[PDB]
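Residue numbers (our numbering): 3 to 155.
For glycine and all other residues, C-beta sits at the position ideal for the given N, C-alpha and C.
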Amino acid sequence: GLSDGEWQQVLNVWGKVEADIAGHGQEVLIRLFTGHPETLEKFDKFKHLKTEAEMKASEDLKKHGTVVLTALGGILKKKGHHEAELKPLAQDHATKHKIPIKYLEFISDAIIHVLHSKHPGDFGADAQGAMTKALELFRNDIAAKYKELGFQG
Ligand code: HEM
Numbered sequence: 003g004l005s006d007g008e009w010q011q012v013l014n015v016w017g018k019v020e021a022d023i024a025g026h027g028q029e030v031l032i033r034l035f036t037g038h039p040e041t042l043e044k045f046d047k048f049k050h051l052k053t054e055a056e057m058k059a060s061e062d063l064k065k066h067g068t069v070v071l072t073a074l075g076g077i078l079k080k081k082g083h084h085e086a087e088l089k090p091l092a093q094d095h096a097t098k099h100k101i102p103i104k105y106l107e108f109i110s111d112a113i114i115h116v117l118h119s120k121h122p123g124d125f126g127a128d129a130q131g132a133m134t135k136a137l138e139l140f141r142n143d144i145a146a147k148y149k150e151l152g153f154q155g
């Protein structure tokens, strides 16, 4: 898992995100959808959005961005002792939404990208290292539940 020092870095960084969760949430989803258009098809809600400009102008998209980072923040705050919160999330993303673990990889990368874009020079080597590991742990725990359910993707 992560050391206490590492968890401290993750929650310090999360402080940056909480100052503007909708702004961070929206840019994450944009990065995802533009870098991997197939992911947009999973949302009936945003499949109409072709252009990035349209994406930028969607208040609905911003709303979902908020929903997503609120859920993620709640899990990160548990520092690994997140079974309770994570299982239900894993079960609906596999059975209901039908999201392959590769798309969780993609969003993980989108988060790191956004953190550097919005905090250039403010998101250092130790911080990036800790956040990367935290997102890997998150993905790994999801992968365990996906395996139980036999969801391939
Ligand atoms: C940081 C990773 C993610 C988090 C924390 C997250 C969280 C959530 C939450 C809290 C909801 C609403 C309740 C539910 O239906 O389960 C949701 C809905 C959904 N998620 Fe995710 N999600 C993540 C990644 C993804 C990815 C990568 C995709 C697809 C590329 C995706 C696809 C969807 C869809 C299609 C819905 C239904 C939304 C609607 O139309 O109302 N999720 N997600």
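Exercise. Counting along the chain, where does the alpha helix (DSSP H) carrying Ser110 start and finish?
Worked result: Annotation for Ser110: the continuous alpha helix (DSSP H) segment containing it runs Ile103 to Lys120.
* Asked: Hey, is the stretch 113 to 121 in contact with the stretch 26 to 33, meaning 3+ C-beta pairs nearer than 8 Å?
  -> yes
Worksheet entry | Three-state class that DSSP yields for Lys89 in the structure shown | helix
For this session: Return the first residue and the last residue of the alpha helix (DSSP H) that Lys147 is part of.
Result: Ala127 to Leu151
Do you know how far the Cα of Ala136 is from the Cα of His84? 12 Å
Given the structure, does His115 come close to ligand 1, in the sense that its CB is under 7 Å from one of the ligand's heavy atoms? no
- Query: Can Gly131 be considered in contact with ligand 2, in the sense that its beta carbon sits closer than 7 Å to one or more heavy atoms?
  - Reply: You won't find ligand 2 in this model; what it holds is ligand 1.
Would a C-beta distance cut-off of 8 Å place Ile101 and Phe140 closer than the cut-off? no
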